[PDB]
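Below is one structure, written out as structure tokens; the observations come after it.
Labels A, B, C, D, E, F, G, H, I and J are assigned to the chains in the order they are written; within every chain, residues are numbered from 1.
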């Protein structure tokens, strides 16, 4: 229903973009991007623009055998979402928001999503890394896992 | 007939009911749910043949076993109280509390929706406390239903 | 003669049939399959000798054990219904459902293909729900076939 | 009603009382605590139906099991002494020491506080020394309470 | 049949090259190469040319003893297939294609392939590595494993 | 006498014979082989002494247990057929198939070569299928021989 | 009364004494020491009530399980010799050697000092040799005493 | 007195003797060796007291258990042959082979040398082949000695 | 003729009738039902021969014994009242209550339906209360019927 | 009429009364209770027929037997005393104490409440003491009532 994309990165982008404006804590809705939409020196928002979310798959998706039928793979998909802002409290609100938004869908039997399960499974803070002299991006992130049965065309 | 399909566990919603009223008894937070109809089997053999002459079934029940992690004060006080009552203390009477139990579970692709219902489940023992330091409490139940009252596809 | 050879488990195609109409009963998604023809053995010893004097066999049965991960509604409604019928609830009657089981499996080298076939398999107990949080459901069967109706190379 | 809820084990406060004078017997440092009211179940079956015809309960007891790490001389000298007394050696008499046990535990959310109270707990065996090199001592109790005197929300 | 290749790398090249022009998602059938067929400064397609798949064996193949006879090895092999294109949608579609191509042959009996099992076992996305400022190849991959009984010289 | 020495398991060659003809029955691909002569022991004690007065042996047999991984269609059809016949289906008769069994094993340094021979091994149960998904089938036998007919150094 | 407190195992000193003389029998090198007073419990139930009418204790003993790593030639020759003698061989007589046992253990903070004394400990079986290649020998004792003669705070 | 001391397992020298001619039977390659003199204990209790009134020992034996990795034809052909003979096949007779067993072991410091000797050890079962692919053979014995003929320090 | 066939106990329906009306008497819940027509036999022997000269029948009766677990007031009050009367207390009169009895059973494979009918069964004693702690009341009747009035296949 | 129903033994409520006063005699703690009204039957047979010509009742009594675990001084002292008197010693007189007896039980599903009453029960022997080691004293009575004075449904 809400996504039906062929790949997890676009699926999570479609879930984050589908979110109501009322379900973001800040004054304005963030902008959602594939991590490779932006060049590194441009990465993160500028001042007087809303915060930016970068989404990608950081590690290998598993394709486990489900049965002796060979009819589906138990597919486990890995994602990370980074929140970038100049506001050290906005990145924290975005982390809270992303965990909330993606805590819908948690056990879709492929209802909204093309998956059995989309879940936040961990979160990182990187605010310690932004140096204090220069204005610069604070960064925080959500780690997401995603599971489903994916067809094999073995049985025609 | 309906194509066999895998099932995502968490999509299953379990509910307990008072058989006097069909009212719900609040219960939540399952981690395992095993429901297993059984009969005793008697096989006939005689000096005529090494092979089984006949086989027959008797002593029907349904094994119900559950692991869960949300404590229910209603479910416990029902089990103490016995049929058609609640109690805050052990009751010196001969009747176990009987629960109707239903589990509704969408198939992985939504291809069908299994509704399983069990009549007159009773539990020989009930954990009230199940503490381990540095963890949340987790509780195990074993019980026995009289029979399966429904096992059907309830999609559409 | 035919040379002994290894077998890749997943190559096996397993089916159940209704022994009345010879129709297939839909079943799928096995993970383990054990078929073991057995007899009770009786041994004669007497004061004449410390060695075994005679040995004989009786009570043939075939132990059938299966682990499977796709739920079949038809298989369960057959098991509930008993011979020549299907039902949506426990039946108060003495006849268990009898399944013919056939399993066909090539050698790893393709050098033979054993067909194993078993008459009148019955299951004392049937798992209806077998849910564990964060996993797909998985189910076990244990049952007794009357005898092996076929064990031959069906290649060529 | 009161909503079912998770419980953090460590929030629980456990105490033993002498049932004569309602004085506390000093005990501390548990690691696991299990309290399980039980009954024996008798099921009636007869030739006229394969389903269970009746079920009844008898032999109430409460299984109490405790793992603990702080030794108490008072608890042990009570257990040796038997009812209404303390002793520094085994007593040749037929009355075991009977403890009232009370465990009071908040919900993880603070939404209720279950008090579980058990009369006349007795322990068949008592660990006095339980040493293992390079570790602190740890001890286990198993015992039977007569009944639950209280199971209610004691919040507010 | 479809390969009879002497080594796993050439086997997977042959399987990808045996794919019909109908079974690729893009308009143009990709070109399949060994990773060492092209030098680094010219690896990946030029513009106006079909996308490129690079095949090689990235990690140690294992030769487990199958049995006490020593007549055969339980050989397990690993392969990576990387897809290179300038089109981020095209590498995604190619990854899905490689998965649903190499999911034929999932449980051969040395029928098409010389193996018991060729399986996609995981998938990698590397699109986040491509700098956005320049034109440049996106990369995605399928990791695929292969298992079979491989003959020894011991018994001539 | 001959120096005791360690033995490399794989050096052992196991063979099965029809006792009617001394013809070989094709069987291969073992993983484990246990052959253990046994007797029951009766020890005599009386009021005159706390020490054992006598000890005696009776009920000789040889335990034979085998794990193996190459399926033999001949061996299975012999076990079905009973003495002096083969069958493709269970036989309704009282005689188990009796196998003569011989294992010949060179010592680690070639210092000796034991031949162990067991007469009239019978197996109460025979695995046919023994599938696990994503593995080759592995089969376990337990049986009992009447006596050891030979245990000697075969070397030179 | 004395505050319950944890105990560091190794601070416990264990000693054995000949009950005829109160002389020490040399023993050392314990790894585990479990001392557990026990009784058999008889619970009364009648048709009057599901609750226990009465409970009573009988058949007192103390379980004494010890694991140790220093072999004592005196302790073994006492156990052979029986009461009031030592022997270098099995004795054909009806009396087991009885050891008085005492364990003295300071509490973790020195808050108290447990002395536990057990009279007439006897051991049904004694390991003399307990070899494992590439380790020092380790010995397990199980025995039982008649009663606890002392359980007191020894401090000050 | 002699101070209790640790024992390095591998310093143990183990031997078997024929009790007729006092000749050694060649045996080697031990891995574990357990020697445990034991008695059955009978305890008297009566209505007079809850404490043990009397305890007595009877039915003495020495449990001998051995794990070993070097096969011996002499040991096996003695076990087959029975007292005062060797045989290359099972014997149909009632006398088991009786071995004297002696084990000698210095303490870790050389502060004593424990010599343990056991009369008339008998083994109910003997492993002849104990193969497992990719390993050397390992063998186990369990048997009963009549009594300990020696337990002393043989140093100096 | 009709083939012999097994009969499954639980398939039996037992009924009692008042021979004044052919009205049914409510009875239920059997567990055992034994019916045995019998005669006294007299054998003639004389000095002429060691073999039996003749044998003859007399004193026909049918032993009926039933165990059942559902109590019936109607059945008990008919037995109290005697022929053609129902009573709530012992009657001082000489006529016992005579019941007609019929038991109907399908054979295990439906080859026939055996109906046994017995006239004028009388029971010398009637268990009114048959209570055992922790069990349902189980009642055993023993009595003599006059004759078997029907024994036939009552199937289609 | 009223449907037959199971009865649960622990729902019994046995009471005794003095027939002189209708005063209750204190009695408690039953575990088994059998009540069986009976008559002697005489059957008539003659040369005219092998079947029974007549059957008649005589020598009516009610077998009462009770096993109980709580001793009663009143019950024993009434039995010693005889009718209308109480004694602390054996009385040398010819009149046995006659007890009226009543037992009441709800049926298992509450369909009826059976009351059984028996006049003039006498016990030929009374167990005063019934000590068995490690058990509560269990007492068995066997006696004969004159008649059943009542047997009815006493539910409202």
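Please note the rule applied: contacts are C-beta pairs under 8 Å (C-beta built on N, C-alpha and C of every residue); 3 or more make two chains touch, one makes a residue touch a chain.
By chain, with names taken from UniProt: A, E = SPP1 gp17-like tail completion protein; B, C, D, F, G, H, I, J = Tail tube protein.
*Asks:* If over half the contact pairs have to be identical by residue number, which pair among G-H, C-H or B-J is the repeat of F-H?
*Replies:* G-H
*Asks:* Where the centre of all protein Cα atoms falls, which chain's Cα centre is nearest to that point?
*Replies:* B
*Asks:* In angstrom, rounded to a whole number, how far apart do the mean CA points of subunit B (Tail tube protein) and subunit I (Tail tube protein) lie?
*Replies:* 41
*Asks:* Averaging only over C-alpha atoms, locate the centres of subunit D (Tail tube protein) and subunit G (Tail tube protein) and give their separation in whole Å.
*Replies:* 27
*Asks:* Where the CA atoms of subunit G (Tail tube protein) average out and where those of subunit J (Tail tube protein) average out, how many Å apart are those spots?
*Replies:* The answer is 53 Å.
*Asks:* With centres defined as the mean C-alpha position, give me the subunit C (Tail tube protein)-subunit E separation in Å.
*Replies:* 38
*Asks:* Where does subunit J (Tail tube protein) touch two or more other chains at once, residue-wise?
*Replies:* 6, 8-10, 12, 30-31, 33, 108, 133
*Asks:* Could you pull out the residues of subunit E that touch at least 2 other chains?
*Replies:* In subunit E, residues 65-68, 106-107, 116-117, 149 touch at least two other chains, as defined above.
*Asks:* Could you list each pair of chains that touch, in label order?
*Replies:* Chains touch in the following pairs: A-B, A-C, A-E, A-F, B-C, B-D, B-F, B-G, B-I, B-J, C-D, C-E, C-F, C-H, C-I, D-G, D-H, D-I, D-J, E-F, E-H, F-G, F-H, G-H, G-I, G-J, H-J, I-J.
*Asks:* Where on subunit E is subunit C (Tail tube protein) touching in the complex?
*Replies:* 66-67, 72, 106-107, 109-111, 116-117, 148-149
*Asks:* Mind listing the subunit J (Tail tube protein) positions that touch subunit D (Tail tube protein) in their complex?
*Replies:* Listed in rising order, the residues of subunit J (Tail tube protein) that touch subunit D (Tail tube protein) are 6, 8, 10, 108-109.
*Asks:* Which residues of subunit B (Tail tube protein) touch subunit J (Tail tube protein) in the complex?
*Replies:* For this pair, the touching residues of subunit B (Tail tube protein) are 94.
*Asks:* Given the complex with subunit A, which residues does subunit E contribute to the contact?
*Replies:* Residues 88, 92-93, 95-96, 99-100, 103-104, 106-107, 119-125, 127-133, 138, 143 of subunit E touch subunit A in their complex.
*Asks:* Which positions of subunit C (Tail tube protein) touch subunit A when the two form their complex?
*Replies:* 9-10, 12, 14, 28-31, 33, 68-70, 136
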